[PDB]
Ligand SMILES: [Mn+2]
Ligand SMILES: [Mn+2]
Ligand SMILES: [Mn+2]
Ligand SMILES: [Mn+2]
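Residue numbers (my numbering), protein chains in the order written: chain A, 4 to 322; chain B, 4 to 322.
This is the structure we're talking about:
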């Protein structure tokens, strides 16, 4: 009878068209920590992609240490944290041996799936992201060529020792077949297929995932993505983002999505140039991050920073 | 009451275009092997752990592994002062979780007013700070020297102190008349960065760092650990290691214990012919060498020919 919070894809330190989202990401984490006080969850899982790069800025590392500190030290919520494809494993893994004392777990090794973490009588199976090279070389299997082959092979390590009488939840970072895609995700593959099938996770009672930034990328009773904390591309402009709440109520699993409201959103406006700089066009919020696809090709003086006096946080201009 | 005194690791240090991390991992390995022998009460690292404020992934992993063996595997308390070279936020990352295993990281110079006491000995922490940073905390224009800011620092703890107790100061600065090395940076912007030994007269002992010669200062109360390795050909032939401090009912005794490196820095003189025919005395052919030779004629690439027989040659000078 526990309450589990499922988030993923923080992508701290991300830059969109030369603009830093750290001012925004600090705001959305303020709201994340604020509503976690009201929930008082039994555990939080962060299903990968915490940093946008393998070389996070001094300011971005501060942000993670501060947010994770409030959640785990002063709110005293246990945390499970796996790595993603963007993540720098060792930069994320730093100091993990001291963190385990206060129930803060970090996993950057797909080998760790054989070692599940048990919180509130629930078994969490962690499987950080791994490429197929580094997967096929641990198993020494040369017939591992697609992401699914290596992922299924990882689960056959743990399938015989798994406990069927408890609640087994898999935390991973991968692409499920049939999920919608945004342009804030990098491809995991070269010319192979990166998607894993639904039947791979038949053993697990539940699957908490991250990689696809759309929260409703996969509609399923057993498998579900958290989605990104914010809109990280204009493909997701306007769509709601946030976190997911999962409650196991005496063997009855229920999941719901809770939206978060950002400091500003991403919006796309099409129309005439003189309609938008003369403010004869409707905009939901003129402080938004904006992509302008406009008319009148000839642009007297600078086209864009004439628009920046009206709309300060404009990012791209297409014509 | 046995204390280990070390400083100036400068992890990630580059010397003449080569990373010294392979050497530093060997000397840190030998340091904790000698920490298994000497069962110590405290290990003190008086600053300058990294070489820049943005260390590489491998350098960060080395500090985590080394510190981990000391604090966790061997259950040794550690105190970490911030030096003039390393970044304060990268050094204190996760310091809140580390205090539960008695691992103390101080990067704030205003932290001197809250000493750490273990085994009946009080440790006052004075991480490095600049006069522009020290000027703003006290809102004083009196302090334009580095010495006055330190005097200002100790005056905070001067009323709040027990002269009865063993009071040790850990800091990172320059003492008057101390010997210099070329791998050290200037601490101020073109003034006098040195401090007289009278400022530290309220303390029973001063453990310092910044000056890489173990015997920079010859004084009973103020001593320098010195750098882990020779980080410049100015330090060629200098013994390096750590200081051991033993206390028994108020009487302090100090020793210097040297670590023998995998490689040394030698400056070799002679002629190209004798040197390449191995008839000039070289301690170890594997050592890092700077050659001042005199055969300025017949050799195609004199460095490559030299590297054939002396692999770790670093610099060549001809006369
Ligand atoms: Mn992602
Ligand atoms: Mn991803
Ligand atoms: Mn220094
Ligand atoms: Mn130094």
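Virtual Cβ for every residue (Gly too), placed ideally from N, Cα, C.
Just measuring C-alpha positions, the residue of 149(B), 311(B) and 255(B) sitting nearest residue 138(B) is 149(B). Boundaries cannot be given for residue 184(B), as no beta strand (DSSP E) includes it and DSSP labels it neither H nor E. Inter-segment contact for the stretch 165-182 of chain A and the stretch 16-30 of chain A is absent: fewer than three beta-carbon pairs are separated by less than 8 angstroms.
Residues of chain A with a Cβ closer than 8 angstroms to the Cβ of residue 96(B) are, in chain order, 64, 68, 97 and 98. Comparing alpha-carbon positions, the option among 76(B), 78(B), 161(B) and 136(B) lying closest to residue 116(B) turns out to be 161(B). Annotated three-state conformation of residue 261(B) is strand, per DSSP.
Within the stretch 95-125 of chain A, 97, 98, 100, 101, 102, 104, 105 and 107 place their CB atoms closer than 8 angstroms to a CB of chain B, listed in sequence order. Residues with their Cβ less than 7 angstroms from any non-hydrogen atom of ligand 3, running along the chain, are 11(B), 50(B), 51(B), 86(B), 87(B), 88(B), 175(B), 187(B), 188(B), 212(B) and 213(B).
In the DSSP assignment, residue 272(B) is bridged to 295(B).
The Cβ atoms of residue 54(B) and residue 215(B) lie no closer than 8 angstroms to each other. In the displayed model, residue 67(B) falls within a helix according to three-state DSSP.
Ligand 4 has no heavy atom closer than 7 angstroms to the beta-carbon of residue 8(B). Near chain A, meaning a CB-to-CB distance below 9 angstroms, the residues of the stretch 27-58 of chain B are 56 and 57.
Only buried fits residue 313(B), as 16 or more other CB atoms lie within 10 angstroms of its CB. At a cut-off of 3 residues, the continuous stretches assigned as beta strand (DSSP E) that sit fully inside the stretch 4-90 of chain B are 5-9, 45-49 and 81-84.
Residue contact with chain A for residue 75(B): present (Cβ-Cβ distance below 8 angstroms to some residue of chain A). Going by beta carbons, residue 78(A) and residue 38(A) fall outside the 8 angstroms limit. By the Cβ rule, the stretch 138-147 of chain B does not count as touching the stretch 60-76 of chain B, because fewer than three pairs are nearer than 8 angstroms. Residue pairing by DSSP puts residue 107(B) in a beta bridge opposite 82(B).
In the DSSP assignment, residue 208(B) falls within the unbroken beta strand (DSSP E) covering 208-211.
Under the three-state reduction of DSSP, residue 117(A) is assigned to helix. The contact set of residue 136(B) on chain A, defined by CB atoms closer than 8 angstroms, is empty, because the minimum CB distance reaches about 17 angstroms. Residue 169(A) counts as exposed, since fewer than 16 other C-beta atoms from the protein chains shown sit within 10 angstroms of its C-beta.
Contacts with chain A at 8 angstroms (Cβ-Cβ) include residue 60(B). Distance from the C-beta of residue 230(B) to the nearest heavy atom of ligand 4 is below 7 angstroms. Annotated three-state conformation of residue 159(B) is helix, per DSSP. Under DSSP, residue 227(A) takes part in a beta bridge, and its partners are 211(A).
Among the residues of the stretch 76-93 of chain B, those with a Cβ less than 8 angstroms away from any Cβ of chain A are 90, 92 and 93, in the order of the chain. For residue 98(B), the enclosing alpha helix (DSSP H) begins and ends at 98-101.
Annotation: Cβ neighbours of residue 72(A) in chain B (cutoff 9 angstroms, chain order): 97, 99 and 100. Judged by their CB atoms, residue 4(B) and residue 122(B) are nearer to each other than the 8 angstroms cut-off.
With a beta-carbon spacing of about 4 angstroms, residue 236(A) and residue 186(A) fall inside the 8 angstroms limit used to define contacts. Non-local C-beta neighbours of residue 298(A) in its own chain, meaning closer than 8 angstroms and more than five positions away in sequence, comprise 274, 275, 276 and 322, ordered along the chain. In the three-state scheme derived from DSSP, where H, G and I count as helix and E and B as strand, residue 219(A) is classed as coil. Under the DSSP definition of a beta bridge, residue 319(A) partners with 294(A).
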